[PDB]
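Contents: one structure, followed by commentary.
Bear in mind that the values in this text are calculations on the coordinates, not laboratory data. So basically every Cβ, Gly included, is an ideal-geometry build from the backbone, and we count neighbours across all protein chains shown.
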């Protein structure tokens, strides 16, 4: 992970990259934040019973 | 001629939105990379087949605005510049009669790579070949283009099959009507019968079935408690979650390997078909073929190729 | 023709000496085989979920029962690798066998005899081919007749001399503005129009585009003698 | 909404983009699924509303570079996706960066996709151009005119078959 050339070199496991087009990996999008939405319940389960 | 280009991401397809799953795939090692490279090679081979079949000349030929071919009406086969995309009347049915799933497959790691050659450019190649056949006959593929009147081209073609060309100039009026009627009948059959392109429809159906099976196999448990990696991660501890993810990876990898093997077999079949199509383009379309029934029933005279999705349709003229 | 053939052979020699990509078709097979062999060899290093990827390490660490499970996983992984390699090899061998059948046909037709198939022996009208031994394949030197220069000439489908249309026996009728002459499609060599070079069929009122010219009669000088 | 986030709704964990959904769920229906049976949309347990779940990481990534011995310049191609993150250009094959779009058509050197090819040409850099179909030649057609070659050249063609 330095530049596309280095990524292609790692994908091909060689420092000599022949002329052409090569596929290295996918386009990744990191999530911005963790979102939690759960039903509103204010009663604790009857673990006493 | 060409098969649907698919580049399944062996990383996203199996371990999509999972890091421990990717770490487990690292333990297996080179299967993921090998499958990705095999699919890339399949796409490259399909592109090579397209280039070898459609592209037979180094130049582009265009018919003159004024056309006098001795009675034949090639407007049905020749491109229509008025259309937004260059194409002939016959090609309209060829493209329309052959058939969201794409979005669902893409969201599952199945990347549909567009062909290196567009349908518009396939139509231009077909138009160039048709113009070469009409004007230069068989001389445009053997070297420098030589202009020859179409009537004398047909005369030579008749002489090549054993029919003296004297019959041509005598029947020039009736043969024009025969050819026009044949073209009209082909147009009507294609418009009414949607199974005429069943050969390409079969390839399309096979590709769709393979992609759908590959996508559906993700939902399979494959012996695991659940078919969702996120559920396993949120349910089990790293030790047991790893075992369940290993089972899922084994099942999905077996499915993907079977899919890749079957796709490679289909690609070999498509390569053989594309070699046959290129040979036919070289012999029947460009020049004249003495092979019996290779260009179709009867004594072959000339062939007019037509573009079709993931393939090609040849209109063979026979005596 | 000999000078042109020698020049073409020299050009091919120079291209092969300088441009090594000309043999890229065989280089692709070699590279694919090497990559498959290397991948299969490297798969021995993969753990495949086991504690270690070395069979000896597993045998020297765990008890017979646990070692059995670990070796079962390792053997499953290695067998899957072997099956994938064998499938790839079978597919490539089927492709190479189809190519070998194509090459055998190319030899039998182009080299041994004369092939009328278009572009099967290469672009242009084929005359003969010369195979050349190559590693894991063969290279064919295809000799073809390719027209170089062309000049547009006036033509006519028939000649009207005495009311009966005359058609070429072989070649086509051409004219440079002086007189109508007979020549072949693939070469320019004017010939005197005569009965021996044509045949009588139909009339001048049926043929479209017919022109009027005098047809030489070889018997005319002899009869008058 | 309109952002890629990690969502945990009603015990369902995953990554995707949350947006207002045009699909109408029945009052009892809560969990939606796509054609693949994966997560498509869910209803918020607190405030009943349908939200479409779109998995992130749209498209793929490809690298276009010439031989290392020639130059180290590279161009990144994103497949079937517009320029989002990012010499920012767009083409039929998707967002393309590092390549200069050129109207002139040349022979295909490095295929891109959808009839697009890239080459390293002139002070030289990678360029993007429409794939060339060959030199345009218009052969005159006339009933009374023919072309008979006045010269010929015998050429040898090199062919290689495994």
Identity of the residue in the stretch B:221-239, more than 9 Å from chain D (Cβ to nearest Cβ) and closer than 13 Å to residue D:11 by Cα, that ends up nearest to the chain's Cα centre (by Cα)
B:232
Reported set for the stretch C:135-145 where residues are surrounded by fewer than 17 Cβ atoms within 10 Å (Cβ to Cβ) and either within 18 Å of residue C:8 (Cα to Cα) or facing another protein chain (nearest Cβ under 7 Å) (or both) is C:136
Considering only residues that are in contact with a strand residue (DSSP E or B) (Cβ under 7 Å, 6 or more places away or on another chain) and more than 13 Å from chain B (Cβ to nearest Cβ), look in the stretch C:16-61 and name the one that is nearest to residue B:250 (Cα to Cα).
C:26
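Residues are listed down the side, and each one gets a yes or a no for (1) exposed (fewer than 15 other Cβ atoms within 10 Å of the Cβ); (2) within 14 Å of another protein chain (Cβ to nearest Cβ); (3) touching a helix residue (DSSP H, G or I) at 6+ places or on another chain (Cβ under 9 Å); (4) in a helix (DSSP H, G or I):
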site	(1), (2), (3), (4)
B:176	no, yes, no, yes
B:188	yes, no, no, yes
B:208	yes, yes, yes, yes
B:215	no, yes, yes, yes
Answer yes or no: is there a residue in the stretch B:249-264 that is under 28 Å from residue B:96 (Cβ atoms), touching a strand residue (DSSP E or B) at 6+ places or on another chain (Cβ under 7 Å) and buried (at least 21 other Cβ atoms within 10 Å of the Cβ).
no
Can you spot a residue in the stretch D:50-63 that is more than 30 Å from the chain's Cα centre (by Cα) and within 11 Å of chain A (Cβ to nearest Cβ)?
no
Give me a count of the residues in the stretch B:118-145 that are surrounded by fewer than 24 Cβ atoms within 10 Å (Cβ to Cβ) and farther than 30 Å from residue C:145 by Cβ.
5
Select from the stretch B:11-25 the residues that are assigned to a helix (DSSP H, G or I), more than 9 Å from every other protein chain (Cβ to nearest Cβ) and surrounded by fewer than 22 Cβ atoms within 10 Å (Cβ to Cβ) and list them in ascending order.
B:20, B:22, B:23, B:25
Residue list for the stretch C:87-111, filter: more than 8 Å from every other protein chain (Cβ to nearest Cβ) and in contact with a strand residue (DSSP E or B) (Cβ under 7 Å, 6 or more places away or on another chain)
C:107, C:110, C:111
Can you tell me which residue is nearest to the other protein chains (Cβ to nearest Cβ) among those in the stretch B:132-152 that are in contact with a strand residue (DSSP E or B) (Cβ under 8 Å, 6 or more places away or on another chain) and outside any loop (DSSP other than H, G, I, E, B)?
B:152
Can you tell me which of (1) assigned to a helix (DSSP H, G or I); (2) buried (at least 21 other Cβ atoms within 10 Å of the Cβ) is the one residue B:303 doesn't meet?
(1)
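Somewhere in the stretch B:284-299, is a residue crowded, with 21+ Cβ neighbours inside 10 Å and either away from chain C (no Cβ under 11 Å) or over 21 Å from residue B:133 (Cβ atoms) (or both)?
First pass over the stretch B:284-299, keeping only residues crowded, with 21+ Cβ neighbours inside 10 Å: B:284-289, B:295.
Pick out the ones that are also either away from chain C (no Cβ under 11 Å) or over 21 Å from residue B:133 (Cβ atoms) (or both) and you get B:295.
Yes, the stretch B:284-299 contains a residue that is crowded, with 21+ Cβ neighbours inside 10 Å and either away from chain C (no Cβ under 11 Å) or over 21 Å from residue B:133 (Cβ atoms) (or both).
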For the structure I just gave you, tell me whether residue B:162 is more than 31 Å from the chain's Cα centre (by Cα) and more than 12 Å from chain C (Cβ to nearest Cβ).
yes
Among the listed residues B:288, B:257, identify the single one that is touching a helix residue (DSSP H, G or I) at 6+ places or on another chain (Cβ under 8 Å) and farther than 30 Å from residue B:146 by Cα.
B:257
What number of residues within the stretch B:57-109 are within 18 Å of residue D:140 (Cα to Cα), surrounded by 18 or more Cβ atoms within 10 Å (Cβ to Cβ) and touching a strand residue (DSSP E or B) at 6+ places or on another chain (Cβ under 7 Å)?
1
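Among residues belonging to the stretch D:132-152 that are surrounded by fewer than 17 Cβ atoms within 10 Å (Cβ to Cβ) and touching a strand residue (DSSP E or B) at 6+ places or on another chain (Cβ under 6 Å), point out the one that is farthest from residue D:105 (Cα to Cα).
Narrowing the stretch D:132-152 to residues surrounded by fewer than 17 Cβ atoms within 10 Å (Cβ to Cβ): D:132, D:134-136, D:138, D:140, D:142, D:144-145, D:150-151.
From what is left, the residues that are touching a strand residue (DSSP E or B) at 6+ places or on another chain (Cβ under 6 Å) are D:132, D:134-136, D:144-145, D:150-151.
Details: D:132: 5, D:134: 9, D:135: 10, D:136: 12, D:144: 36, D:145: 33, D:150: 33, D:151: 32 Å.
For the stretch D:132-152, the residue satisfying everything is D:144.
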Filtering the stretch D:82-104 for residues that are within 10 Å of chain B (Cβ to nearest Cβ), surrounded by 15 or more Cβ atoms within 10 Å (Cβ to Cβ) and part of a loop (DSSP other than H, G, I, E, B) leaves a count of 1
Name the single residue that is nearest to residue B:103 (Cα to Cα) among those in the stretch D:64-77 being at the interface with chain A (Cβ under 7 Å from one of its Cβ atoms) and in a loop (DSSP other than H, G, I, E, B).
D:74
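I'd like to check which strands (runs of 3 or more DSSP E) are fully inside the stretch D:105-162 and have at least 3 residues that are facing another protein chain (nearest Cβ under 7 Å). Let's see the steps before the verdict.
Working: elements: D:110-113, D:116-121, D:125-130, D:145-161.
By residue number, D:110-113, D:145-161.
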Quick check on my filter: what residues within the stretch D:1-30 are closer than 20 Å to residue B:234 by Cα, more than 9 Å from chain A (Cβ to nearest Cβ) and exposed (fewer than 15 other Cβ atoms within 10 Å of the Cβ)?
none
So residue A:28 ticks every box in (1) facing chain D (nearest Cβ under 8 Å); (2) surrounded by 16 or more Cβ atoms within 10 Å (Cβ to Cβ) but one. Which box is left unticked?
(2)
